[PDB]
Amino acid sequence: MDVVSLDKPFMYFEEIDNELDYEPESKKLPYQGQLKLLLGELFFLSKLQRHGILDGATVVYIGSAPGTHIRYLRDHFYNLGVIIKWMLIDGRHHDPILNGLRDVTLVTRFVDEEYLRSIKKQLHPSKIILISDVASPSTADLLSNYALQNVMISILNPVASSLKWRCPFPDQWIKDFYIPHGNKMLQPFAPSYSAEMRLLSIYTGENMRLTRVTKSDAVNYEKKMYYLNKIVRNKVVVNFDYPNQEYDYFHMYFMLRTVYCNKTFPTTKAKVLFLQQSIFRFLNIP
């Protein structure tokens, strides 16, 4: 049948070793979008925790609304003793479970080059971690969003960023653009055929090392991603000893095994089972 055995799940785009031609013909979980965000940011922040960069940092999340899942991230690291200051900016309002917290500042404003400069003069000299999940989509919209994300980085000069990264479709190409250099984290529980990824970057000190994205790159993206969503994601990983062998849980397993916990567990599988349950109980996902 269509099952499979793999050493590890595909963590980053560059690891996807195959492609299929996209087909203009092609999610089934509640709050799945929230779980997707939760896992990826938990993975992101966790990596930053591991490499000493999260401590005492101000996390600036632009386009965070409604951001229900952020309350879980916040509580997670809070209880770990990791000192963090959260700043959420969005044109729209966030979930009220984020209000009434000293460590989190809610801002309801549409950001523009002008506002960014201002909050930077305000935050300085705080170390900034940026998470962008902004939007409006058409290729023209995407390019404007990406151009904006590049002004953010250059203005806030964050030590690290996680940016929403989705390449324009080759058949809807406009012109070439540049994005920050970084790892393109794949997202489990993403919509069935979404080619959206998370661009992770840890900066040096000069450039934000801008690389060019071309129509040829846009094609590779679409292929690789269609192959992943269409072939890989629809498998059962038979060598994955877990209550759920769906590939998405396999991918989730390897993200959670990196998360830290105050509670001690015998095996890693006990820790993951604990985190998943905590996460689902929180997201209210049976």
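Position 1 is the first residue in the sequence shown; the rest follow in order.
Where the other entries of this protein model the residues before and after it, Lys27 is dropped from at least a third of them. Coordinates are given for every residue of the deposited sequence from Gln122 through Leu123, so that no gap is recorded there.
Count the deposited residues lacking coordinates between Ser26 and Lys27 and you get 4 to 9 of them.
As the entry records it, the average C-alpha temperature factor is higher for 166-174, out of 166-174 and 152-160. 240-248 and 52-60 differ in mean CA B-factor, and the higher of the two is recorded for 240-248. Between the residues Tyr221, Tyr253, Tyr260, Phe43, it is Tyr221 that shows the highest Cα B-factor in the PDB record. Annotation for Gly81: C-alpha temperature factor in the lowest third relative to the rest of the modelled chain, per the entry. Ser201: CA B factor in the lowest third of modelled residues in this chain (values from the PDB entry).
Sort the modelled residues of the chain by CA B factor and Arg212 lands in the highest third. Among all modelled residues in its chain, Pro137 ranks in the highest third by Cα B-factor. The PDB entry assigns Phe189 a C-alpha temperature factor belonging to the lowest third of its chain's modelled residues.
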